[PDB]
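Each remark here refers to the structure printed beneath this line.
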Amino acid sequence: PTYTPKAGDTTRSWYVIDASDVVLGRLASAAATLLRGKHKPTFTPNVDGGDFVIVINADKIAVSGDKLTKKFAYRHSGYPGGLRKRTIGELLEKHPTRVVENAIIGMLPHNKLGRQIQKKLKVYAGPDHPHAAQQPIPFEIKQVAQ
Amino acid sequence: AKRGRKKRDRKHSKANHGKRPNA
Amino acid sequence: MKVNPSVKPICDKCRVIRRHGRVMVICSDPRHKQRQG
Amino acid sequence: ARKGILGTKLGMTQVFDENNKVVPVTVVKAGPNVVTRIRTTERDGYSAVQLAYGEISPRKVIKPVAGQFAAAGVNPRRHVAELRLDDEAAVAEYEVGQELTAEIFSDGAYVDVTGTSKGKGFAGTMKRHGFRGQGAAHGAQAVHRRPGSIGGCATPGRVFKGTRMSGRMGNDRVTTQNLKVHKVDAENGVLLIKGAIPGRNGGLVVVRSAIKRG
Amino acid sequence: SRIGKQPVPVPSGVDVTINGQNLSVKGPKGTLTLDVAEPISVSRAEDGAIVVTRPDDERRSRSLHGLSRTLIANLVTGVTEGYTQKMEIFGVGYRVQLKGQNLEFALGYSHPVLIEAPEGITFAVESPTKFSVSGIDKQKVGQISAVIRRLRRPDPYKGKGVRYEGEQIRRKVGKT
RNA sequence: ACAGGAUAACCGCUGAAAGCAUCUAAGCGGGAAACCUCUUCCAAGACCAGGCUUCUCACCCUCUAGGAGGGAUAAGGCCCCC
RNA sequence: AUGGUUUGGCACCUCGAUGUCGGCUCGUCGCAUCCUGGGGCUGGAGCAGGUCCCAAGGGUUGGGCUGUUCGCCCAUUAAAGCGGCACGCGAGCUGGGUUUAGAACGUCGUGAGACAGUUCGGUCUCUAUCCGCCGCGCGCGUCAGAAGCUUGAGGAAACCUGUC
RNA sequence: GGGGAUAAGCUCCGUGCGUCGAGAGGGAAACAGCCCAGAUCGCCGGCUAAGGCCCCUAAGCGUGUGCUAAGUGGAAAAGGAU
Ligand SMILES: CC[C@H]1OC(=O)[C@H](C)[C@@H](O[C@H]2C[C@@](C)(OC)[C@@H](O)[C@H](C)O2)[C@H](C)[C@@H](O[C@@H]2O[C@H](C)C[C@H](N(C)C)[C@H]2O)[C@](C)(O)C[C@@H](C)C(=O)[C@H](C)[C@@H](O)[C@]1(C)O
């Protein structure tokens, strides 16, 4: 029988990704891989094993092309004519962490488990984070050559 | 009009090979 | 400023340019001045 | 800044101007107010002052509430409210224990009075949202007052959240704007606010200097 | 290109300081700051002049070359000579008198209009119906001269309003 | 309402590609009841379920002593009553 | 060429039932804008226009005739917009029209009868289970139990305008 | 090929043409009639077809040379256009 994680088999570690000057799409897919625990060989779809991912410098993140002014982030309140949109440029100015969060949130499974994964993603606008007591391991986005 | 043109278009998909039932 | 799908240099002074991805025609005479849209 | 003081609505009456014109004023008791606590940016994240009002027997005040008053060094008061200012330059005008009176206002200064409206209970759509009705003759079967159509049919097929229908009304906070104050009675500590302020006779109101005309 | 392939002569009284892609020029009339684009490298010939170079021949380098060169020459000329824009006003009862650093226009409106001088620009009135605006930045001199030109709507029938001296405005005839 | 920000149509400045010219490709500006703030109200079930304070801030029993179960309490609340 | 609202073409869902025109009450959406807002060009002197571009926040009257939608007319108005939502809306209302049985006229038929001809009269049923929506509570959670006073992410309301 | 307006998811014909009807499984987001392939049963073994290999989502943010600035990709005509 294939091995399946037991009660206490799961383990966690903390990763901090410098979001400065990283492409939004590229950074998000890297974080969405970490949070789901895809890197571990102990992966199991119905058990979360992802590692807490801290994203710092979340307001410097680079978006290519004209997407800073022509990409809208829509939201509907349910009331008739309640569809209000904010272009990415505005969404970065008011509260910048949202742009990184949504682009990660839409990368994870949408089921109940994907709601549990979100609890393990902390993203901050500034270059500093309060989680220094947990000793995050700095993480960088490379690509295995084939 | 909008509905009709969209159905005839999605027959061009790579996996349909240019044909689809009910055109 | 005429707005037509077809814009042409009506007179010899008329010049055809492109601003922000939209074709215009600029002439000293304001009547000739038109824009593609 | 935005002067404010907690008051009690006493009633309406009528007084005459120097030009012999008649003005219908509302008498508001702006009783002495004690500043119990000040909210600063470094402490709380906003700049606001917390007033207290009304006389209450010290046996009635509950122990958690009593400690808050003793720590601030003032006697307990029935109502405690808070006015939100907009900068630290305005907070410095206030200190704990300082007492406010009706004198902070002057004759002719536009004020905004806030209070809880009167209670009207379960109100129909003819009363709540000011619908029309349907005719009382020419054959109307039992529909003299009910609203009528609610939506389309099968598209959308739902009722479209936000539609106006029957339900409880009144008894909700509301603010009146740019109410001139006709006279600042000094001895009795009473404002003569020209107009009809919201509330019920003997209900707590908050009178503050007007946003628009201030 | 052809514009970009012409060295920028710096007269003897002008100081030029280069820090990579950042350039600052100091002269008698004041101090200016500029930054050049990434593709173009800006260096100084030992003769005491300015030379700009483009590495390749695509749109970006070819287009940026002519701009970047002629941006410096405006920068150097501003701090040695400066720019003065001369204007003149046409119309009956149209007056200009200077108040401090601000300029006031009597254009026939029910009220008089006032223009404030931003930093680095100065207004010098010569006659009631003729004045001038002077400054360092060619863009800022031309910018304020634009705003002044927009004070009154164009008038093809009588020509009332503000003008440039050499400006020739078209005029039609109001007959019927 | 007043005021502010980014804008549409439109008007521009400085400007090469293209010795000239061009509001544009790099930059900089003006610009509407529309948009974001501004006014009123709801709002921490906002599951990231928030903040500043204050009060109580401690007593027994059982199985087996690991955790759980039971009872009596404080600050406080509810019920009954006007 | 767009749009799919008009007159049609097809007969694919429903004939062990999808209630059909006008009016009322209630809305909501689009902009191809009637007023208000910003502009270009004018064979734009001024007042007033004409045409085109941007703009959907608010507003868009009361009556005479007809079952009328539509239309003509009387008074105003800044304006009296065009359309979608089963030609919105009858388990919300009317039944004037149309389309049952009575009756008459004109016309067709030898006759029973008939007329997208006209005229008078002619039952509008139902205790809301589920989603929906307007309101109000009970339980638990927010890592001890409680009480004050709040920031507010996110929503909702409003936005009209004339004369002097 | 006829009828139609060389319209219809229209209608009538031909076809050792197919499939559905009477057919599961993979692909086309979902989607009888399109593409791959005809299910005797079991297996926690392997190779492939159409289709894919940034995350959802399995396997490439694959290698070389170029092209695009329009989110073209990820709807369209006469015609306009340094
Ligand atoms: C009083 C009590 C009656 O109420 C009425 O008079 C209502 C008002 C009729 O509407 C009368 C009145 C009226 C105007 O319709 C409202 C007229 O159109 C016809 C004659 O029906 C009804 C409901 C008819 O339905 C209608 O039948 C139509 C053929 C189809 C229609 N719809 C589904 C397609 C449907 O509603 C129908 C067949 O008589 C129902 C059957 C079962 C009955 O006989 C029942 C037992 C009746 O005794 C009754 C309901 O109690």
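Every chain in the structure tokens takes a letter, A first, then B, and so on in the order presented; its residues are numbered from 1, and the ligands are numbered from 1 following the presented order.
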
Discussion item. Which residues are close to residue 130 (chain D), i.e. within 12 Å by only C-alpha atoms (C1' of nucleotides), leaving aside same-chain residues fewer than 5 positions away? Reply as a PyMOL selection string.
Written reply: (chain D and resi 123-125+145+147+164-166) or (chain G and resi 26)

Practice prompt. Throw together the list of residues within 6 Å of ligand 1, counting only C-alpha atoms (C1' of nucleotides) and all ligand atoms, and drop it here as an MDAnalysis selection string.
Written response: chainID G and resid 17 19 123:125

Worksheet item: Which polymer residues have any atom within 6 Å of an atom of residue 60 (chain A), counting only C-alpha atoms (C1' of nucleotides), with same-chain residues fewer than 2 positions away left out, as a PyMOL selection string?
Response: chain A and resi 20-21+58

Discussion item. Considering only C-alpha atoms, can you say which of C:14, C:23, C:6, C:28 comes closest to chain E?
Written reply: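 Using only C-alpha atoms, chain E sits closest to C:28.
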
Item to complete: Using DSSP on the backbone coordinates, identify the residues of region 76-145 of chain A assigned to strand (DSSP E or B); present them as a ChimeraX atom specification.
Response: /A:76,83-87,121-123,137-139

Write the selection just made, keeping N, CA, C and O atoms, as an mmCIF file, in the first residue's frame?
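Produced file selection.cif, reproduced below:
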data_model
loop_
_atom_site.group_PDB
_atom_site.id
_atom_site.type_symbol
_atom_site.label_atom_id
_atom_site.label_comp_id
_atom_site.auth_asym_id
_atom_site.auth_seq_id
_atom_site.Cartn_x
_atom_site.Cartn_y
_atom_site.Cartn_z
ATOM 1 N N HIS A 76 -18.694 42.616 -7.211
ATOM 2 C CA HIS A 76 -20.122 42.909 -7.262
ATOM 3 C C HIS A 76 -20.732 42.707 -5.889
ATOM 4 O O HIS A 76 -20.567 41.644 -5.285
ATOM 5 N N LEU A 83 -21.774 46.707 -9.573
ATOM 6 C CA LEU A 83 -20.475 46.247 -10.053
ATOM 7 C C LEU A 83 -19.500 47.415 -10.076
ATOM 8 O O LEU A 83 -19.627 48.322 -10.903
ATOM 9 N N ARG A 84 -18.518 47.381 -9.185
ATOM 10 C CA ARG A 84 -17.512 48.423 -9.076
ATOM 11 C C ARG A 84 -16.138 47.825 -9.309
ATOM 12 O O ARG A 84 -15.820 46.759 -8.780
ATOM 13 N N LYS A 85 -15.321 48.524 -10.089
ATOM 14 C CA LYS A 85 -14.032 48.017 -10.524
ATOM 15 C C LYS A 85 -12.933 48.994 -10.140
ATOM 16 O O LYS A 85 -13.156 50.203 -10.061
ATOM 17 N N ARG A 86 -11.744 48.457 -9.885
ATOM 18 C CA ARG A 86 -10.565 49.264 -9.605
ATOM 19 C C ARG A 86 -9.419 48.773 -10.467
ATOM 20 O O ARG A 86 -9.046 47.602 -10.387
ATOM 21 N N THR A 87 -8.850 49.661 -11.271
ATOM 22 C CA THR A 87 -7.689 49.273 -12.048
ATOM 23 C C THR A 87 -6.528 48.958 -11.115
ATOM 24 O O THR A 87 -6.494 49.389 -9.963
ATOM 25 N N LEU A 121 -0.600 31.892 4.505
ATOM 26 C CA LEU A 121 0.041 32.880 3.649
ATOM 27 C C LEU A 121 -0.090 34.246 4.299
ATOM 28 O O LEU A 121 -1.202 34.765 4.434
ATOM 29 N N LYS A 122 1.036 34.820 4.708
ATOM 30 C CA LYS A 122 1.081 36.151 5.296
ATOM 31 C C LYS A 122 1.857 37.055 4.359
ATOM 32 O O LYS A 122 3.009 36.762 4.035
ATOM 33 N N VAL A 123 1.244 38.152 3.935
ATOM 34 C CA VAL A 123 1.849 39.051 2.962
ATOM 35 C C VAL A 123 1.839 40.466 3.518
ATOM 36 O O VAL A 123 0.816 40.931 4.027
ATOM 37 N N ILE A 137 12.972 31.020 6.277
ATOM 38 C CA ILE A 137 14.091 30.683 5.408
ATOM 39 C C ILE A 137 13.933 31.479 4.118
ATOM 40 O O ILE A 137 12.929 31.296 3.418
ATOM 41 N N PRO A 138 14.865 32.363 3.781
ATOM 42 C CA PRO A 138 14.725 33.133 2.543
ATOM 43 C C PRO A 138 14.612 32.210 1.348
ATOM 44 O O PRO A 138 15.303 31.196 1.258
ATOM 45 N N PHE A 139 13.721 32.563 0.432
ATOM 46 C CA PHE A 139 13.410 31.714 -0.705
ATOM 47 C C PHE A 139 13.502 32.527 -1.983
ATOM 48 O O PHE A 139 13.127 33.702 -2.007
#

Item to complete: Could you give me, as a PyMOL selection string, the residues within 12 Å of residue 97 (chain E), counting only C-alpha atoms (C1' of nucleotides) and dropping anything in the same chain fewer than 4 positions from it?
Response: chain E and resi 101-107+112-115+123-132

Practice prompt. Just the residues within 10 Å of region 13-19 of chain F, please, counting only C-alpha atoms (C1' of nucleotides), with nothing from its chain fewer than 3 positions along; format it as a PyMOL selection string.
Written response: (chain E and resi 1-4+58-71+74+137-147) or (chain F and resi 22-29) or (chain H and resi 82)

Could you write out that same residue set with C-alpha atoms (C1' of nucleotides) as a PDB file, in the first residue's frame?
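Okay, this is what ended up in out25.pdb:
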ATOM      1  CA  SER E   1      20.464  60.268 -35.893  1.00  0.00           C
ATOM      2  CA  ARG E   2      21.535  63.291 -37.914  1.00  0.00           C
ATOM      3  CA  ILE E   3      20.529  65.458 -34.963  1.00  0.00           C
ATOM      4  CA  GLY E   4      22.054  62.938 -32.574  1.00  0.00           C
ATOM      5  CA  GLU E  58      16.385  50.037 -34.088  1.00  0.00           C
ATOM      6  CA  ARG E  59      13.544  52.491 -33.482  1.00  0.00           C
ATOM      7  CA  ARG E  60      14.368  53.062 -29.835  1.00  0.00           C
ATOM      8  CA  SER E  61      17.998  54.077 -30.199  1.00  0.00           C
ATOM      9  CA  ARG E  62      17.444  56.018 -33.421  1.00  0.00           C
ATOM     10  CA  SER E  63      14.448  57.907 -32.027  1.00  0.00           C
ATOM     11  CA  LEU E  64      15.949  58.496 -28.581  1.00  0.00           C
ATOM     12  CA  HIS E  65      19.228  59.732 -30.084  1.00  0.00           C
ATOM     13  CA  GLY E  66      17.828  62.898 -31.632  1.00  0.00           C
ATOM     14  CA  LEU E  67      15.766  63.677 -28.549  1.00  0.00           C
ATOM     15  CA  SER E  68      18.530  63.061 -26.027  1.00  0.00           C
ATOM     16  CA  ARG E  69      21.054  65.266 -27.814  1.00  0.00           C
ATOM     17  CA  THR E  70      18.672  68.177 -28.336  1.00  0.00           C
ATOM     18  CA  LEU E  71      17.569  67.884 -24.723  1.00  0.00           C
ATOM     19  CA  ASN E  74      18.349  73.180 -24.469  1.00  0.00           C
ATOM     20  CA  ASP E 137      13.352  75.738 -18.749  1.00  0.00           C
ATOM     21  CA  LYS E 138      12.252  75.942 -22.373  1.00  0.00           C
ATOM     22  CA  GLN E 139       9.326  73.678 -21.549  1.00  0.00           C
ATOM     23  CA  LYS E 140       8.272  75.727 -18.519  1.00  0.00           C
ATOM     24  CA  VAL E 141       8.606  78.991 -20.445  1.00  0.00           C
ATOM     25  CA  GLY E 142       6.536  77.567 -23.279  1.00  0.00           C
ATOM     26  CA  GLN E 143       4.155  75.942 -20.810  1.00  0.00           C
ATOM     27  CA  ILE E 144       3.128  79.136 -19.032  1.00  0.00           C
ATOM     28  CA  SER E 145       3.052  80.952 -22.362  1.00  0.00           C
ATOM     29  CA  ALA E 146       0.524  78.312 -23.392  1.00  0.00           C
ATOM     30  CA  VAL E 147      -1.697  78.853 -20.347  1.00  0.00           C
TER      31      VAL E 147
ATOM     32  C1'   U F  22       4.333  66.564 -35.325  1.00  0.00           C
ATOM     33  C1'   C F  23       0.603  66.929 -28.168  1.00  0.00           C
ATOM     34  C1'   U F  24       4.304  61.172 -28.430  1.00  0.00           C
ATOM     35  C1'   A F  25       7.699  57.235 -29.138  1.00  0.00           C
ATOM     36  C1'   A F  26      10.909  59.067 -23.666  1.00  0.00           C
ATOM     37  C1'   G F  27       8.774  63.205 -20.282  1.00  0.00           C
ATOM     38  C1'   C F  28       5.478  67.341 -18.466  1.00  0.00           C
ATOM     39  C1'   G F  29       0.546  69.878 -18.180  1.00  0.00           C
TER      40        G F  29
ATOM     41  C1'   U H  82       4.111  57.284 -43.200  1.00  0.00           C
TER      42        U H  82
END

For chain E against chain C, which residues fall within 12 Å using only C-alpha atoms, given as a PDB file with N, CA and C atoms, in the first residue's frame?
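Just written: selection14.pdb:
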ATOM      1  N   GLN E 168       0.376  84.826 -36.522  1.00  0.00           N
ATOM      2  CA  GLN E 168      -0.593  85.280 -37.509  1.00  0.00           C
ATOM      3  C   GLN E 168      -1.848  84.435 -37.338  1.00  0.00           C
ATOM      4  N   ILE E 169      -2.945  85.065 -36.931  1.00  0.00           N
ATOM      5  CA  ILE E 169      -4.195  84.364 -36.666  1.00  0.00           C
ATOM      6  C   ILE E 169      -5.135  84.567 -37.843  1.00  0.00           C
ATOM      7  N   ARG E 170      -5.782  83.490 -38.272  1.00  0.00           N
ATOM      8  CA  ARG E 170      -6.750  83.591 -39.351  1.00  0.00           C
ATOM      9  C   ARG E 170      -7.945  84.411 -38.901  1.00  0.00           C
ATOM     10  N   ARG E 171      -8.495  85.194 -39.820  1.00  0.00           N
ATOM     11  CA  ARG E 171      -9.653  86.021 -39.525  1.00  0.00           C
ATOM     12  C   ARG E 171     -10.678  85.887 -40.635  1.00  0.00           C
TER      13      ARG E 171
END

Item to complete: Can you check which residues of chain G have any atom within 9 Å of chain D? Use only C-alpha atoms (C1' of nucleotides) and format it as a VMD selection string.
Response: chain G and resid 24 to 28 85 to 86 88 to 89 92 to 94 131 to 136 146 to 151 156

Worksheet entry | Spatial neighbours of residue 27 (chain C), max dist 7 Å, only C-alpha atoms (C1' of nucleotides), sep filter under 2 positions, as a list in words | residues 13, 14, 15, 25, 29, 30, 32 and 33 of chain C

Worksheet item: Hey, what does DSSP flag as alpha helix (DSSP H) within chain B? Can you give it to me as a PyMOL selection string?
Response: chain B and resi 2-9

Export, as a CSV table (one decimal), in the first residue's frame, the selected residues with N, CA and C atoms.
chain,number,residue,atom,x,y,z
B,2,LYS,N,-25.8,37.3,-31.0
B,2,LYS,CA,-24.6,37.0,-30.2
B,2,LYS,C,-24.4,35.5,-29.9
B,3,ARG,N,-25.5,34.9,-29.5
B,3,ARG,CA,-25.5,33.4,-29.2
B,3,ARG,C,-25.1,32.6,-30.4
B,4,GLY,N,-25.7,32.9,-31.5
B,4,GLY,CA,-25.5,32.1,-32.7
B,4,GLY,C,-24.1,32.1,-33.2
B,5,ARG,N,-23.5,33.3,-33.3
B,5,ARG,CA,-22.1,33.4,-33.8
B,5,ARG,C,-21.1,32.7,-32.9
B,6,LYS,N,-21.4,32.7,-31.6
B,6,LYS,CA,-20.4,32.1,-30.7
B,6,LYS,C,-20.4,30.6,-30.8
B,7,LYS,N,-21.5,30.0,-31.1
B,7,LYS,CA,-21.5,28.5,-31.2
B,7,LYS,C,-20.8,28.1,-32.5
B,8,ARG,N,-21.1,28.8,-33.6
B,8,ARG,CA,-20.4,28.4,-34.8
B,8,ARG,C,-18.9,28.7,-34.7
B,9,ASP,N,-18.5,29.6,-33.9
B,9,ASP,CA,-17.0,29.9,-33.7
B,9,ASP,C,-16.3,28.8,-33.0

Name all residues at most 8 Å from residue 28 (chain A) (count only C-alpha atoms (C1' of nucleotides); drop same-chain ones fewer than 4 positions away) and give them as a PDB file with N, CA, C and O atoms (P, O5', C5', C4', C3', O3' and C1' of nucleotides), in the first residue's frame.
ATOM      1  N   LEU A  24       4.423  39.589 -11.216  1.00  0.00           N
ATOM      2  CA  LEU A  24       3.318  39.162 -10.368  1.00  0.00           C
ATOM      3  C   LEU A  24       2.898  37.734 -10.670  1.00  0.00           C
ATOM      4  O   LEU A  24       2.678  36.935  -9.756  1.00  0.00           O
ATOM      5  N   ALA A  32       2.037  29.724  -4.810  1.00  0.00           N
ATOM      6  CA  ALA A  32       0.942  28.765  -4.820  1.00  0.00           C
ATOM      7  C   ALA A  32       1.460  27.335  -4.820  1.00  0.00           C
ATOM      8  O   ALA A  32       0.771  26.420  -4.362  1.00  0.00           O
ATOM      9  N   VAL A 100      -1.245  41.158  -4.681  1.00  0.00           N
ATOM     10  CA  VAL A 100      -0.509  39.907  -4.535  1.00  0.00           C
ATOM     11  C   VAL A 100      -1.417  38.810  -4.000  1.00  0.00           C
ATOM     12  O   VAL A 100      -1.334  37.657  -4.431  1.00  0.00           O
ATOM     13  N   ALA A 103      -3.990  37.451  -6.754  1.00  0.00           N
ATOM     14  CA  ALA A 103      -3.296  36.706  -7.791  1.00  0.00           C
ATOM     15  C   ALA A 103      -2.751  35.389  -7.279  1.00  0.00           C
ATOM     16  O   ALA A 103      -2.433  34.513  -8.084  1.00  0.00           O
ATOM     17  N   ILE A 104      -2.612  35.237  -5.970  1.00  0.00           N
ATOM     18  CA  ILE A 104      -2.288  33.942  -5.388  1.00  0.00           C
ATOM     19  C   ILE A 104      -3.546  33.161  -5.072  1.00  0.00           C
ATOM     20  O   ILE A 104      -3.614  31.952  -5.290  1.00  0.00           O
ATOM     21  N   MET A 107      -5.027  30.964  -7.607  1.00  0.00           N
ATOM     22  CA  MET A 107      -4.124  29.936  -8.082  1.00  0.00           C
ATOM     23  C   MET A 107      -4.281  28.653  -7.301  1.00  0.00           C
ATOM     24  O   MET A 107      -3.754  27.621  -7.725  1.00  0.00           O
TER      25      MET A 107
ATOM     26  P     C H  55       2.828  24.290 -13.066  1.00  0.00           P
ATOM     27  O5'   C H  55       1.913  25.240 -12.184  1.00  0.00           O
ATOM     28  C5'   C H  55       2.158  25.401 -10.799  1.00  0.00           C
ATOM     29  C4'   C H  55       0.980  26.033 -10.110  1.00  0.00           C
ATOM     30  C3'   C H  55      -0.313  25.244 -10.159  1.00  0.00           C
ATOM     31  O3'   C H  55      -0.391  24.243  -9.169  1.00  0.00           O
ATOM     32  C1'   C H  55      -0.736  27.477 -10.763  1.00  0.00           C
TER      33        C H  55
END

Item to complete: Residues of chain B no more than 9 Å from chain H, counting only C-alpha atoms (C1' of nucleotides): send them over as a PyMOL selection string.
Response: chain B and resi 5-6+9-11+13-23

Chain A near chain D within 7 Å: what's each residue's closest atom pair and its distance in Å to one decimal, counting only C-alpha atoms, ordered by chain then ascending residue number, as a Markdown table?
| residue | atom | partner | partner_atom | distance |
| --- | --- | --- | --- | --- |
| A:78 | CA | D:161 | CA | 7.0 |
| A:79 | CA | D:161 | CA | 5.6 |
| A:80 | CA | D:160 | CA | 6.7 |

Taking N, CA, C and O atoms for each residue, export the selection above as a short mmCIF file (atom, residue, chain, number, x, y, z; two decimals), in the first residue's frame.
data_model
loop_
_atom_site.label_atom_id
_atom_site.label_comp_id
_atom_site.auth_asym_id
_atom_site.auth_seq_id
_atom_site.Cartn_x
_atom_site.Cartn_y
_atom_site.Cartn_z
N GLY A 78 -23.91 42.51 -5.12
CA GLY A 78 -25.17 41.82 -5.15
C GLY A 78 -26.37 42.71 -5.42
O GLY A 78 -27.39 42.21 -5.90
N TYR A 79 -26.27 43.99 -5.13
CA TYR A 79 -27.34 44.92 -5.41
C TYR A 79 -27.33 45.28 -6.89
O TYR A 79 -26.27 45.28 -7.52
N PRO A 80 -28.49 45.58 -7.47
CA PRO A 80 -28.53 45.91 -8.89
C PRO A 80 -27.62 47.08 -9.22
O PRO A 80 -27.57 48.07 -8.49
#

Worksheet item: Given the choices E:151, E:89, E:79, E:37, which gets closest to chain F if the distance is worked out from only C-alpha atoms (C1' of nucleotides)?
Response: E:37

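Taking CA of residue 49 (chain D) and CA of residue 83 (chain D) as endpoints, the distance between them is 5.4 Å.
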
Worksheet entry | Exercise answer, chain C residues close to chain H, 10 Å and only C-alpha atoms (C1' of nucleotides), as a VMD selection string | chain C and resid 4 to 8 15 to 18 21 to 24 36

With N, CA, C and O atoms retained, could you export that selection as a PDB file, in the first residue's frame?
ATOM      1  N   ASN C   4     -14.773  59.809 -38.907  1.00  0.00           N
ATOM      2  CA  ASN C   4     -15.241  58.876 -39.913  1.00  0.00           C
ATOM      3  C   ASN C   4     -14.322  57.670 -39.968  1.00  0.00           C
ATOM      4  O   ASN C   4     -13.147  57.762 -39.600  1.00  0.00           O
ATOM      5  N   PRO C   5     -14.834  56.522 -40.407  1.00  0.00           N
ATOM      6  CA  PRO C   5     -13.954  55.380 -40.667  1.00  0.00           C
ATOM      7  C   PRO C   5     -12.950  55.624 -41.768  1.00  0.00           C
ATOM      8  O   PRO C   5     -11.969  54.879 -41.854  1.00  0.00           O
ATOM      9  N   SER C   6     -13.158  56.620 -42.623  1.00  0.00           N
ATOM     10  CA  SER C   6     -12.221  56.946 -43.691  1.00  0.00           C
ATOM     11  C   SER C   6     -11.762  58.386 -43.542  1.00  0.00           C
ATOM     12  O   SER C   6     -12.588  59.303 -43.525  1.00  0.00           O
ATOM     13  N   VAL C   7     -10.449  58.584 -43.457  1.00  0.00           N
ATOM     14  CA  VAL C   7      -9.846  59.907 -43.355  1.00  0.00           C
ATOM     15  C   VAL C   7      -8.806  60.046 -44.456  1.00  0.00           C
ATOM     16  O   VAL C   7      -7.992  59.143 -44.664  1.00  0.00           O
ATOM     17  N   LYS C   8      -8.847  61.156 -45.176  1.00  0.00           N
ATOM     18  CA  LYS C   8      -7.976  61.376 -46.317  1.00  0.00           C
ATOM     19  C   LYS C   8      -7.418  62.787 -46.262  1.00  0.00           C
ATOM     20  O   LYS C   8      -8.015  63.676 -45.648  1.00  0.00           O
ATOM     21  N   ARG C  15      -1.862  66.775 -43.551  1.00  0.00           N
ATOM     22  CA  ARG C  15      -0.869  65.773 -43.205  1.00  0.00           C
ATOM     23  C   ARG C  15      -1.533  64.652 -42.427  1.00  0.00           C
ATOM     24  O   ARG C  15      -2.357  64.903 -41.547  1.00  0.00           O
ATOM     25  N   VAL C  16      -1.171  63.418 -42.750  1.00  0.00           N
ATOM     26  CA  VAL C  16      -1.708  62.240 -42.083  1.00  0.00           C
ATOM     27  C   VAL C  16      -0.694  61.785 -41.047  1.00  0.00           C
ATOM     28  O   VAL C  16       0.465  61.517 -41.378  1.00  0.00           O
ATOM     29  N   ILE C  17      -1.122  61.700 -39.793  1.00  0.00           N
ATOM     30  CA  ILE C  17      -0.267  61.321 -38.686  1.00  0.00           C
ATOM     31  C   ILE C  17      -0.952  60.209 -37.906  1.00  0.00           C
ATOM     32  O   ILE C  17      -1.986  59.689 -38.313  1.00  0.00           O
ATOM     33  N   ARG C  18      -0.351  59.835 -36.782  1.00  0.00           N
ATOM     34  CA  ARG C  18      -0.943  58.852 -35.885  1.00  0.00           C
ATOM     35  C   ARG C  18      -0.607  59.233 -34.454  1.00  0.00           C
ATOM     36  O   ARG C  18       0.568  59.331 -34.097  1.00  0.00           O
ATOM     37  N   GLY C  21      -2.234  55.590 -31.360  1.00  0.00           N
ATOM     38  CA  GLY C  21      -2.818  54.486 -32.085  1.00  0.00           C
ATOM     39  C   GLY C  21      -4.012  54.827 -32.944  1.00  0.00           C
ATOM     40  O   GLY C  21      -4.620  53.913 -33.515  1.00  0.00           O
ATOM     41  N   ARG C  22      -4.371  56.100 -33.058  1.00  0.00           N
ATOM     42  CA  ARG C  22      -5.506  56.528 -33.861  1.00  0.00           C
ATOM     43  C   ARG C  22      -5.043  57.506 -34.925  1.00  0.00           C
ATOM     44  O   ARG C  22      -4.304  58.447 -34.635  1.00  0.00           O
ATOM     45  N   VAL C  23      -5.484  57.282 -36.150  1.00  0.00           N
ATOM     46  CA  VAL C  23      -5.038  58.060 -37.296  1.00  0.00           C
ATOM     47  C   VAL C  23      -5.775  59.388 -37.310  1.00  0.00           C
ATOM     48  O   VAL C  23      -6.993  59.431 -37.113  1.00  0.00           O
ATOM     49  N   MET C  24      -5.046  60.472 -37.539  1.00  0.00           N
ATOM     50  CA  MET C  24      -5.638  61.791 -37.653  1.00  0.00           C
ATOM     51  C   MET C  24      -5.191  62.435 -38.952  1.00  0.00           C
ATOM     52  O   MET C  24      -4.357  61.900 -39.680  1.00  0.00           O
ATOM     53  N   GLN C  36      -9.828  59.371 -37.446  1.00  0.00           N
ATOM     54  CA  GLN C  36     -10.397  58.056 -37.715  1.00  0.00           C
ATOM     55  C   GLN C  36     -10.983  57.479 -36.436  1.00  0.00           C
ATOM     56  O   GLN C  36     -10.284  57.357 -35.426  1.00  0.00           O
TER      57      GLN C  36
END

Item to complete: Could you check how far CA of residue 19 (chain E) sits from CA of residue 56 (chain E), in Å to one decimal?
Response: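 CA of residue 19 (chain E) sits 22.4 Å away from CA of residue 56 (chain E).
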